[PDB]
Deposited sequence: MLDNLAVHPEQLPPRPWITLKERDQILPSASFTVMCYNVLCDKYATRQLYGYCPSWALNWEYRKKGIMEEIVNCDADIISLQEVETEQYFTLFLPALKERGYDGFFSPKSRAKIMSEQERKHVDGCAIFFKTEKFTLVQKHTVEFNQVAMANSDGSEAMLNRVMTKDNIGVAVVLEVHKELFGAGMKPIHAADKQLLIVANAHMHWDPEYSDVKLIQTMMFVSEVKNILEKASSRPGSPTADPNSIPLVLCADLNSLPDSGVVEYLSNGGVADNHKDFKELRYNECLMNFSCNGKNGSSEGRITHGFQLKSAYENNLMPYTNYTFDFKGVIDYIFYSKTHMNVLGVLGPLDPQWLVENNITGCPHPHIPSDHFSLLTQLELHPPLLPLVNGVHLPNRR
């Protein structure tokens, strides 16, 4: 497996730091039924976690956003190992409000944000529960209650002090993992607007640059990517499927947001971020405040001719420990 190439897009000169975004594929979902093309010994977590930790250590990012972090693995694998690489972290599982056994609680996955303490100091941490926010804004929309409220997905966000020696400067890093089902573009879009409007509220109770990492489960042509990329979306966008023109959506505000985000990866520089037999596409993203930061570089994709040479039609694989590829970008923050 050849190393992935680092790409220089723009020359330095402010502070520069790297951000990784990575869905590690949790053990619960790494099954023969979903990934029958991958041998069971290569799906097993005691094997796969080595490649996952290797990928994270090699990327060596100043800030790390992970999805599908299982609760117990956060406390016994990721955080203890990354603490030795100079990180602290913030984790939150999905499904905190759901009743379940002690054993099941250990295996619920969530989102984690790690940051190197020599460069950042955590000032606030927050968990955004999409089901609670949907429920609180569901008046007059059966679809909000039936379709959006019933999905357990979350995002997390931290407010960080960017240390002066990298140049009281603050940055917000947000990390979310949206509902997956392709028949539910309305849920994905509403979850995205809910997350962005709740992050905006985090600002006020604290303008400030944003780095938004997420497994959006949304292709680049989607309503969520347009919403994140153009600062808003019409309320009658087709991804709402009806109720398009519903008034409850304006609570998250045409529905607009004041951020001015661009994607760190822009022109299918990676042709996909999720790579399985049945589905290949870009559904993972790193967005940043374009009026505050430049992109100085990104980590290019795994050489596709190698995947071709080795007849690899889906991941994970004995030498690729997730069905997602990591995203890694170096940003340059300007006061």
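- According to the record, C-alpha coordinates are lacking for deposited residues 1-11, 25-28, 183-193, 233-244, 292-301, 384-398.
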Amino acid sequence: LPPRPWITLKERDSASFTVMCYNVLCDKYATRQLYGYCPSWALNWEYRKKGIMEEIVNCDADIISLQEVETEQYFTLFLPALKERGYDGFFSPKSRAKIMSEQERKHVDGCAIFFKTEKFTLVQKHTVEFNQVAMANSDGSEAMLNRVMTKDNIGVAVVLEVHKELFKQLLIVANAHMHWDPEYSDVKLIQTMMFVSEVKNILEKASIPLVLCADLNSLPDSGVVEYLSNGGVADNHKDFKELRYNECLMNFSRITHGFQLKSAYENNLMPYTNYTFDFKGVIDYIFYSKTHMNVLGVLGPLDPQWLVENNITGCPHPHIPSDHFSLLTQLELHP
From here on, numbers count along this sequence of modelled residues.
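- Compared with other deposited structures of the same protein, residue 109 does not meet the criterion of being unmodelled in at least one third, since all of those that resolve residues on both sides include it.
- Residue 74, present in the displayed chain, carries coordinates in each of the other PDB entries compared that cover both sides of it, far from a third leaving it out.
- The PDB entry reports B-factors from which the mean C-alpha value can be compared for 193-201 and 241-249; the larger average falls on 241-249.
- Mean CA temperature factor is higher for 297-305 when stretches 275-283 and 297-305 are set side by side in the entry.
- Between the residues 81, 213, 99, 123, it is 123 that shows the highest Cα B-factor in the PDB record.
- As recorded in the entry, 291 carries the highest CA temperature factor of 44, 58, 65, 291.
- The deposited CA B-factor of residue 259 belongs to the highest third of values across its chain.
- Sort the chain's modelled residues by C-alpha temperature factor and residue 176 lands in the lowest third, per the entry.
- Per the PDB record, residue ranking by Cα B-factor puts residue 23 in the lowest third of the chain.
- Per the deposited record, the Cα B-factor of residue 87 falls in the middle third when ranked against the other modelled residues of its chain.
- Among the modelled residues of the chain, residue 269 sits in the highest third by CA temperature factor in this PDB entry.
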